[PDB]
Amino acid sequence: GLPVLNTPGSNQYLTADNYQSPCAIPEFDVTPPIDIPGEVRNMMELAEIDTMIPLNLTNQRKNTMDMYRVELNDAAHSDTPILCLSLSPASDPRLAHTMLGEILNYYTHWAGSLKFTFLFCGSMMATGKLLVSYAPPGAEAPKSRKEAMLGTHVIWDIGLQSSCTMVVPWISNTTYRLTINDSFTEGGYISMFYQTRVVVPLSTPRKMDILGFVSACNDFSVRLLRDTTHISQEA
Amino acid sequence: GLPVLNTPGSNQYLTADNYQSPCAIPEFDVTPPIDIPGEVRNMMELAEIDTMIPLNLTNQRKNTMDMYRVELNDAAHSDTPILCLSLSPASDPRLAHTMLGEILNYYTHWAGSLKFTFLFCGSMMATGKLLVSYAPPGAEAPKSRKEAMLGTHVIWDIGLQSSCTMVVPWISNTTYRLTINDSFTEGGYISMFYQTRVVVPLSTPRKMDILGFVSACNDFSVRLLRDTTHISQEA
Amino acid sequence: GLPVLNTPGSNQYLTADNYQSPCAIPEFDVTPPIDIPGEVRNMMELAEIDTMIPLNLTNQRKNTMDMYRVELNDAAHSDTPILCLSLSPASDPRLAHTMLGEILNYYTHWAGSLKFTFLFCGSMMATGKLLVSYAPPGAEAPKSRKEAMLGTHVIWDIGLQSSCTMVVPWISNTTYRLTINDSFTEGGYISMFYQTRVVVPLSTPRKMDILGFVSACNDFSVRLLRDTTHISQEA
Amino acid sequence: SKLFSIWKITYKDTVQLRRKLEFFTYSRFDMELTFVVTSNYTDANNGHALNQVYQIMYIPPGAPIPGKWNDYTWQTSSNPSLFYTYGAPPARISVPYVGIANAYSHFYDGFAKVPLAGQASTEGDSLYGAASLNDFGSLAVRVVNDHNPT
Amino acid sequence: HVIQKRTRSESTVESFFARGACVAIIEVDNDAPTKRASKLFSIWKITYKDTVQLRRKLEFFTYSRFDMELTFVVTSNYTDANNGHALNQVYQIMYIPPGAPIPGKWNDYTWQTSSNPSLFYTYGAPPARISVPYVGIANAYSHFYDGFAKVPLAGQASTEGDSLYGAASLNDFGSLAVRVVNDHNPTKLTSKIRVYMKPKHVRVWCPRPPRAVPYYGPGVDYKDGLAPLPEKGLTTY
Amino acid sequence: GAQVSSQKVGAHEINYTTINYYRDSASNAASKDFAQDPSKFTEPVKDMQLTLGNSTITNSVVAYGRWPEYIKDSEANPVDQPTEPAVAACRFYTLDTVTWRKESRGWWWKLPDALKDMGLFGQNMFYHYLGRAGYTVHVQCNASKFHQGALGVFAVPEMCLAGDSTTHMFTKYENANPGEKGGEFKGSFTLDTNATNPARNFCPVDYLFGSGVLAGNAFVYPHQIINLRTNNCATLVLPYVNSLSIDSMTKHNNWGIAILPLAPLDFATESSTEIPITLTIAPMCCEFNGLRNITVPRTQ
Amino acid sequence: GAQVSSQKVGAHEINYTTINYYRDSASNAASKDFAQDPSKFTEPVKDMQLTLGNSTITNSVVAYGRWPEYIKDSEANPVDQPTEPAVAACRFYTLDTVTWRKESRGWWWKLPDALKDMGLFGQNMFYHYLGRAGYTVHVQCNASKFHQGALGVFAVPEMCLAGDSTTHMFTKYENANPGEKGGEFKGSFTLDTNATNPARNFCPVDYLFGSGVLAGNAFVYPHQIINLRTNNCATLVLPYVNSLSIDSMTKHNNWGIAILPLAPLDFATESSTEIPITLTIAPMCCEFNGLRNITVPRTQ
Amino acid sequence: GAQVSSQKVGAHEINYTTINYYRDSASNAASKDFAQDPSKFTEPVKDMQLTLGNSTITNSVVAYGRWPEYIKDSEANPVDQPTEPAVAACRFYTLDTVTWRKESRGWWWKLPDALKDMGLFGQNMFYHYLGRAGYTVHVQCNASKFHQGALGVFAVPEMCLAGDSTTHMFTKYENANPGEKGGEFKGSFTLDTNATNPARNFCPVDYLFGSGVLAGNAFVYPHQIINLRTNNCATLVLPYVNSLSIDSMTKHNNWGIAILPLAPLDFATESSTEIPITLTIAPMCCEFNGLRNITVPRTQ
Ligand SMILES: CCCCCCCCCCCCC/C=C/[C@H](O)[C@H](N)CO
Ligand SMILES: CCCCCCCCCCCCC/C=C/[C@H](O)[C@H](N)CO
């Protein structure tokens, strides 16, 4: 026959290989497809869908609906944060189990901007102004409004808009960030503060809830598919 | 020689493979074919031939000629069924061992319309009208003519035609039905009833026989060749 | 290297295969051929050469020259056969060891017409007429001239021609006959009879010899090369 | 000792691929199956063994299921069968999309039977979410060699 | 109105027979020839009637014409733990067409296979495989033959002219002789060669109703399973 | 010389190449409504008065849609001149009439066996080594408008019938070739246990169609139904069917005729009622080869 | 027939060839800002007064951006004529109003189950073997400007809910098809340990969305939020979604509707406050096949 | 450089490619009525008075249809000038006449051995290292019209005769080259058991043709029959046959002549009857090479 020489790698099985194999059912008449609504072509398509953030992972709220609600009230103005988050969409506990986090935990590298949305669920008679800040990493994480205001930030008039959207733009030393907790590729900090206070009239609830959503922008990409740590099989 | 790499699957033997092999008898002068009558190109060609249905599989009729004959008589009109069948051409005992059933038991999936024919073998002096009904599945199987008449049905004037043909059209949720007894892909019910009664004059046999045949239409197809359960080899 | 997959049959040795192999003596300057007389291109070329038939395989004649001679005499006319043969050119003992039989015993199937020649070796003063008959199989083998004359036959005037040739045409149910003794593909019967008697004058030998030769016609073919039973090696 | 094994084809015996597939409700794809075969001695005495050959017969729903390791069903006249020689590279075959529907249903919010009024509680009962849409038959596996003394 | 795009590609007679069906399990042994319980070579009369599945599929039709692909799966084992071990075995499979000499010993001259096609297989290699054309002496293979090879003639005794009903040389394809080429190890080894037969390039004629009762012999005889059908009420869905 | 063929893609994310490496084609890999796709397998009709020779007959199927024909020069195995008796042998011969009762299990015949003693056709059959012929089979059964019953007439190529003993294929030539009397199906299988003088006869069970197949499927063979309320007769036109262009008529029976009562005979209120069935067979396109002394097969 | 494709080179120091060797394509190897790349997966709006039949309604999502439509002749599996009731069945039916309190964990319904007893739509559903329809779901919940609270309305294809027992898939048909009353989510999972008379009912945990997935991700399904400070109602336009062009409506529920309180209801300083939620569902593009006697499923 | 050849398809459901990978062609795989297809192997006749030199002779076969010819310059191995005696050596020499009796088993001769002492031909043969020549052999046997008998004359290339001892190939040069007297076939094989003074001679058995082959097949060799009732003589024209264009005439005998009585001699009623057989051989197209002192082989 034709002279051939077996190179190294012959007779191996690489689970990521791409080879032809014989068909166990030749001449099978396959059922043709139909136009099913909702076809997905890319996983980043799902990563771009806003999903609620379990922001309030306290001892009594975690693993309940209350973990999705952050309580605002009409107390006097203060510079203390309303919530604090780390830009670790795959390893931060409050972002890891969101759809974005779930998809990211199947990959080793991620890059691109993020989109945070906040929905205010108080009465229409409630008014107030908030500040949503993103600080790139390197400095002390902002502890008051005086520091958070020095980074990127948006001012949210809840009386005017029920929803606010802040884009965390991609700013990184490396071209990709690891999907684990890594100091060298940390993503920065996110926080919320009272700009003014929340004001309600009489006969109005003084405590209200806000909800948080996170999605990816259209410049978002991931690399190096890997097994996730969010599912395991005992025995 | 040429550098080559052995992919997984090398040195396996797939009984459904399609490969070339050397000829044990090279340069054999093959006998040319002749034009033999009766060439078959497809098994659905045989599945489309009407064959008698063993409808009367009672204890004393099964495994005799009498299992092919259904007895009508000239009794007063009633709404009780003459015969009852399930549209399971491969697993129904009365249809499994017909030519259609035999061919279907070599395949896992089937689809297409069916053709039932009924031949009346009474005297020419006998008259009567019958109703042949097919009810798609989902409801209670028809127990009287009042229910069977609500489904698909044909009226058969035996005094006018000795043979009647009813097409059971293909109506299914799935694109193919399994060749086993499966609730999710059940085919429906078939029944026969007296529309009028059978009427004979004097000096005439009051009891007569009808025969049933089943075949496939030209829109009938099967998939996934498999071993049949109708033949076995002990030791 | 190039991805390859080893199909079944790899690493086998088929003695009838046809493959390339490396040359153990590269660049050998081969002696050119010369125009030797008597080149053979086909074995049927040798099968078409007339060779003497050992017709007289009696106890005292077999394995001597006398087995090639059939004795005629000038006795009164009779309808009894002079010789009897079966059209089994490979398995009949009188035809098996002829050149035709030797070649046929290397093949499993044979077809085509046969050519029998008979040479009369009496004195020129001898006269006579004989009948050479071939009867296709199916009936009782001819026992007298009355039966043999009903089949194919030639009349041989030995006083006129010293040699007679009869063609046994190919007539068979199958397209090929087996080279063994097989009832379903038996070839028929051949016989010789006195048409008139042999007449000699005075002072002439009253007993003379005839010789038989068998060859293949140009429409003769064989199939399925096989080992012969005419040669064996003890130890 | 279990001389042959039958495995109901499914992806739900493990979790990782199941979780990845259940990101979506419907799917449609061809399937590549690879078989990695390992073997070992269960005892040191009683001698040794020669190289083993494995038969993997696909039994589509309805085809007879072997009851013995050497019954007639292994003739595999119509069932696709894969013969693998131990020590060879892992076996591999491809299958097209073989669903009776237009896509594979990872989820089915329904029943295979509808219990009708009047029939007893025993009748008309089927498991919730179970349908023949995922009935792909099984794989029967055996060693073709006769047993060694070990 | 419905667009009916369903094909019968898998129900063609080619696809129907496009599988390797096991027709023979040939058992051979590698052992000292002094041993009498060991069979050092095996002869198998080639046929598809040793098994039922392929036979039933083929007997859907009266006549057939096809090439044949034969695959050989060889397995072996030790019959004893003591007496040491063995080296890799080589198997000779010699095709003996009708008329060719049949070996009487595992090592006689016939194994020279100067003219008989022979297949040498090394244990542990992928299953051996060869192809054969249509080799019938007629224009098609006869799955059924309603006749005799002999016609008994008036006058000859009842012993003469007798042949089995339905038996003809139309199905005489010779046999396969199988042996282990290695000399015997101090330990006995037992091997089985499984023969898988695939018709390809198939044509068939005159369809027949399939076998409904257990096969009994090479003919159409039946003895035991003569009640194939179950009980089912006339008006029971 | 590569062959680039097209694939039929199913699940989408299209040509495949094949090259033959061996000279022998046997080494090649495989390349792969009421209207009946196999019109010829559904017993096509001849779409009166049938005259053959000096015989005339006044529901006609052509088996496999193939009319009887003479051997083409392209497919002639024998080389000697073929004898064609023509009208001398190609004519309607009437076999012995059988009686259909309420208890009949059916009748069978073999062709050309049933016509072996029929005028010059039998003489030509027994004088020649090779013979070939199609047939026209006319089954006749008439009854009043007050009779009821149905007969299925089947023409089976290679109609092999099961034996009656534990010995396989043990039916002797005499019992397998009864002539124009034919044989009868049975309602049950009876094993012949006479090891001293075995009958060596068939035991054709009706519901097994005498060959281990369910009778209901016998309709896959060329067939015609005589339903007493509708028609009197049945005509089957059988072409020559065999793996060979011509064979031995004494050794081999090309066709078998089976008549089974699909619906039992009945009449008024007389439990004793019988009607005759008469078979008339005309061989067609007869041709014979290999003339020699006459064959005289053993009998009884 | 070689395919020469281009590689995407990374680390530089550019075409690769592929040939298909098998006839079956399954044997082939794999070939490989605010704007939303999957616009259809981000709950696209219908960009008033919705009139269907004789019903009129005066925040609208189209699930997957696919409006309800009739079966194309290209994708019709059944061959019998389809029944299209039109305005008779395609109209708005109002289910029983539920009560939203401070303690509600949510509500769920199945489609077409919730409309099985709704006028002629239910009659057509139970009279036919096969049925198909999209839906327009209108959730209505109004409250003063001094009320606060948010509801998430989700349309889930193949909304399978977890059981309440150690036995897998043990929820019986009656409990899985409650009709227009639907069911309620729970705040915790309670195992049914009554081995004698098991409830065989669902136990849908709200934060697990009743199927073992975190509720926060339920927004990947088609959805709409009713925020009491902003809007009163929510409209979801659901096309027919299934692996088949048409199926059994009694066996299979194509859609599920889930309403979860994302923000708890609250008002002024009254701890006792409740507001109704009213669902109005109109089936759309209904078509049925396989008419026979009416189905009467078992109840209770 | 692929070779695309056509296959001959048998069983139908057509070209195969072959490429040579080795420089050496020995590595290649194999590529693969009364009229006689091998007309040259059926003893073709010369289709009178034959004059050669000064000799004249007044049933002629040309062995293999090849007339004697001189060496072509294209196929000349030796380089020295060839001696061609012409009429001096190419002439008819008459050997010693033998006697055919009723008991004769046959006679044999070797060429050029039988002519080694024939005039100038023998001188040229023994003076040269290499020699080449065809022959014309004329066998003469005449008898009355009342005699009966047949002789088969065969010209055998490489006519090797079996020995007479258990030692293989033990016939010595003197007994293998008897000259014009030749030798006689025997009716039976007699083993030489004289281990002290072995004869070392041939034992050619007639029915074995002296070489272990059946005599009946000797007709495959060039041959002619002298049937006493028909013809007196036989002429065989033998071309030079060898694996070489020229060889040593003393070492190697190119042809052998065998005369066997196919039909025994008989006459009237005289049991004592004998007729002579006379051989006349003319070498043809003689050419010699390598002149030196004369060879004198050992005798007796
Ligand atoms: C030839 C012997 C080797 C075994 C051959 C296996 C053939 C049968 C495998 C095909 C059946 C599985 C098809 C894919 C189904 C998936 O598991 C799920 N439906 C995906 O949703
Ligand atoms: C080279 C050694 C390996 C064995 C070679 C086998 C060659 C002989 C096999 C061909 C004979 C069988 C041909 C097909 C016959 C079928 O069994 C039936 N006639 C089908 O009707």
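If you read the protein sequences in the order shown, they are chains C, C', C'', A, A', B, B' and B''. A prime marks a further copy of an entry chain.
The first sequence: position 222 = 222 (the entry's author numbering), numbered continuously.
The second sequence: position 65 = 65 (the entry's author numbering), numbered continuously.
The third sequence: position 211 = 211 (the entry's author numbering), numbered continuously.
Quick note: to get the entry's author numbering, add 101 to the position in the fourth sequence (first position is 1).
Quick note: to get the entry's author numbering, add 64 to the position in the fifth sequence (first position is 1).
Residues 2 to 14, 25 to 43, 45 to 59, 83 to 93, 99 to 340 in the entry's author numbering are what the sixth sequence lists, from first letter to last.
Residues 2 to 14, 25 to 43, 45 to 59, 83 to 93, 99 to 340 in the entry's author numbering are what the seventh sequence lists, from first letter to last.
Residues 2 to 14, 25 to 43, 45 to 59, 83 to 93, 99 to 340 in the entry's author numbering are what the eighth sequence lists, from first letter to last.
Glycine is no exception: its CB is placed at the ideal position from the N, C-alpha and C atoms.
For C/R223, the enclosing beta strand (DSSP E) covers residues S221 to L225.
Proximity of chain B' to C/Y176 at the Cβ level (cut-off 7 Å) is not reached, the minimal Cβ distance being about 14 Å. Across the set C'/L14, C'/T127 and C'/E147, the C-alpha of C'/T127 shows the shortest separation from the C-alpha of C'/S162. Counting of Cβ neighbours within 10 angstroms places C'/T185 among the buried residues, the total reaching 16 or more.
Between the C-alpha atoms of B/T134 and A/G168 there is a straight-line separation of about 57 Å.
In this structure, A'/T186 lies away from A'/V137, with their beta-carbon atoms at least 8 Å apart.
At least one heavy atom of ligand 2 lies closer than 7 Å to the C-beta of C'/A24.
The closest heavy atom of ligand 2 lies 7 Å or more from the beta carbon of C''/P8. For the C-beta of A/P197, the chain B residues within less than 8 Å are, from N- to C-terminus, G11 and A12.
At a cut-off of 8 Å between C-beta atoms, A'/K109 does not count as an interface residue with respect to chain B.
The beta carbons of C''/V222 and C''/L85 sit no closer together than 8 Å. Residues of the same chain with a CB within less than 7 Å of the CB of A'/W269, apart from the 5 flanking positions on each side, are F125, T126, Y127 and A204 in chain order. Leaving aside the five residues that flank B'/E220 on each side, the residues in its chain whose CB is nearer than 6 Å to its CB run, in chain order, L135, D136 and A154. With a threshold of 7 Å, the Cβ atom of A'/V196 counts as near ligand 2, since some heavy atom of the ligand is closer than that. Within the DSSP bridge table, the entry for A'/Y155 names A'/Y185 and A'/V244 as partners. Listed along chain B, the residues sitting closer than 7 Å to C''/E147 by beta-carbon distance are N333.
Close to B'/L302, with beta-carbon spacing below 9 Å, are these residues of chain C in chain order: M52, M65, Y68, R69, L119, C121, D209 and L211. Chain B'' places no beta carbon closer than 8 Å to that of B/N89, leaving this residue out of the contacts. Close partners of C''/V4 in chain C' (Cβ separation under 8 Å): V4, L5, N6, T7 and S10.
Taken through DSSP and simplified to helix, strand or coil, A/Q117 comes out as helix. In the DSSP assignment, B''/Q163 falls within the alpha helix (DSSP H) that extends over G159 to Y167. Taking the Cβ of A/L134 as the reference point, at least one heavy atom of ligand 1 falls within a distance shorter than 7 Å. When secondary structure is reduced to three states using DSSP, C/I103 falls in the helix class.
Of all residues in the segment 103–130 of chain B', only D113, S114, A116 and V119 come within less than 7 Å of chain A' when Cβ atoms are compared, listed by chain position.
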